[PDB]
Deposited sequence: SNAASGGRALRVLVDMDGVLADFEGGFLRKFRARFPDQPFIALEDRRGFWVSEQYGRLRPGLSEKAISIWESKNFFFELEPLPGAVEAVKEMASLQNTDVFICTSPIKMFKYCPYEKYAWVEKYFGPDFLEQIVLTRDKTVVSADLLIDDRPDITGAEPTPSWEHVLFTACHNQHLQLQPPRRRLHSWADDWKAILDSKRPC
């Protein structure tokens, strides 16, 4: 809830609120049943298409066709606990929450579907909290909760502390102290927020 200055938290959409990896695998197997695939536990590296490309020639292009398809983003399921956690977080005194998400380059469906997904799970009033950007470094905040290990852009010294949200692709990564993780929404996100408050 708005403040003074409230603590400001940026929450990533794909891989944090919306299950991109699981949605991808389900749709990939359904469309391409005779192709090999990567079980979620075996995912390595941020870029799904790069791992698929090494598995068999042509699979990178087939992987791409999944996320470029209509309804891919809209039909993603929420991660367990994500809706409940972010609704609670937004309701806290002196706490402003933004959903900070990078859309894919193919813009026909993705931006629209991300607004529609937020309306669906968080309601109309949460639409005011959406920031779409390919550069999260130019968005100022106290915290950024995001599954991508390397978050870079035009601002060499972002104001936020990046808290790494665990995903299968990043789960084995050793981080440089004092970088830290949110292991899932069942993990103690309120302690992380409280650590940044005056």
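**Q** Numbering from 1, run down the deposited sequence and write out every stretch that has no C-alpha in the structure.
**A** No coordinates exist for the deposited residues in 4 to 6, 202, so these stretches are absent from the model.
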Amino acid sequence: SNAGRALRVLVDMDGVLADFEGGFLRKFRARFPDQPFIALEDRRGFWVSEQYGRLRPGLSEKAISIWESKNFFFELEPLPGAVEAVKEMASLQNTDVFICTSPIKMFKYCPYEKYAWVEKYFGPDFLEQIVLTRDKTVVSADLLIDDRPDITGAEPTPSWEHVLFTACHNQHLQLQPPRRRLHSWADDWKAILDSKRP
From here on, numbers count along this sequence of modelled residues.
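**Q** Quick check: 106 to 114 versus 86 to 94, which has the larger average CA B-factor in the record?
**A** Between 106 to 114 and 86 to 94, it is 86 to 94 that shows the higher mean C-alpha B-factor.
**Q** Got a sec? Mean C-alpha B-factor, which is higher, 58 to 66 or 131 to 139?
**A** Mean CA B-factor is higher for 58 to 66.
**Q** Per the PDB entry, which option out of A167, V163, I38, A154 has the greatest Cα B factor?
**A** Highest CA B-factor of the listed options: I38.
**Q** Place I145 in the lowest, middle or highest third of its chain's C-alpha B-factors, as listed in the PDB entry.
**A** Within its chain, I145 is a lowest-third residue by C-alpha B-factor, going by the deposited values.
**Q** Sorting by Cα B-factor within the chain, modelled residues only, which third would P178 end up in: lowest, middle or highest?
**A** Tercile = highest for this residue's CA B-factor.
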